[PDB]
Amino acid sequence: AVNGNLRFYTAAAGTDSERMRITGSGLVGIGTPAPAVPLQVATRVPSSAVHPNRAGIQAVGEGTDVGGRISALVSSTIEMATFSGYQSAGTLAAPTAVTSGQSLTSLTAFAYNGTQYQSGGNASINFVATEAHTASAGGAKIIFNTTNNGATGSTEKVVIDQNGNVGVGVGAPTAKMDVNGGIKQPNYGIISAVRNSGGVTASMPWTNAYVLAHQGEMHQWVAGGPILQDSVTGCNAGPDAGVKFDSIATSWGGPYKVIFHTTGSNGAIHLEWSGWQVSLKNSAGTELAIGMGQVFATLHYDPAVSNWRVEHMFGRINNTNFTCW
């Protein structure tokens, strides 16, 4: 067709108003007389706009259709599909540096409530400036806001600060993991490792491979006391040599604190537990004391015995101390 500019106007007699333009170079501008990208939409959208009409470009879908989706496609080993968010202060003609606390980009989800959409969004992942930007500083952070049930406004729940510190329910996390609440791990039940003349038995919630692939992990939880004993090799000597830390399963239980370690060829674990009710027994099986029991033990998977066994443990039944290596 044309050999240069191609502009579209509306109500020209009433008031000169350009709408779209196909430049000679091949760029398309909607609301902009000078597009800077293949397709630049600039028609002014005032604050008066109502949801879901508060945007420049919009795809739409319905029922089982898949048209209400926006995409970026790249077939390259070097580049990547991107959703770029550019932010600056001042104005487009004269862009100025962003200030500290200035929001840069946001991914907001709006939901209809039969009447309208939620002002401010129902859930937002935002990028915010952590400091006034300069040619020497471009600090930024990421925040995650969601709306509590029965509420109508998204609140900041998590933050990945410029320093890398993650804060849950914390605005300025000073810790690498600053939590404003409780920490919950899985309930791994009760542990058992008995090695006696009668045989070898063990109840371990993990497997040799798992522990070997999870070195340095701590697990804390609440459950009945453990039953531990090795009157033959691992727990063979010491002041109290063949003792059995015979825990009684109770509703009160106690807190297990187990961290993973290794022998260099097999999985090992450091276990700690305190609670009710525990009875200390000797190799013969006679009860020495019964009641509150506390214990620290170091168990490891022994392939020679095809099961887990205690290498050394020490603790206290009531006011009596026992050590067993």
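Don't overthink the numbering: it's just position in the shown sequence, from 1.
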Q) What stretch has the higher average Cα B-factor here, 148-156 or 238-246? A) 238-246
Q: Higher average CA B factor in the deposited record is what I'm after, so tell me if that's 98-106 or 191-199.
A: 191-199
**Q.** Highest-ranked of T298, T32, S48, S279 once sorted by CA temperature factor in the record
**A.** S279
(Q) Between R44, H261, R69, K257, which one tops the list for Cα B-factor in this entry? (A) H261
(Q) Taking only the Cα B-factors deposited for this chain, tell me whether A284 sits in the lowest, middle or highest third. (A) highest
Q: Would you please rank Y86 by its C-alpha temperature factor against the other modelled residues of its chain and give the third it falls in: lowest, middle or highest?
A: lowest
Q. Going by what the PDB entry lists, where does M80 fall on CA B-factor within its chain: lowest, middle or highest third?
A. lowest
Q. By the record's CA B-factor, is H133 among the lowest, middle or highest third of residues in the chain?
A. highest
Q. C-alpha B factor of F127, ranked within the chain: lowest, middle or highest third?
A. lowest
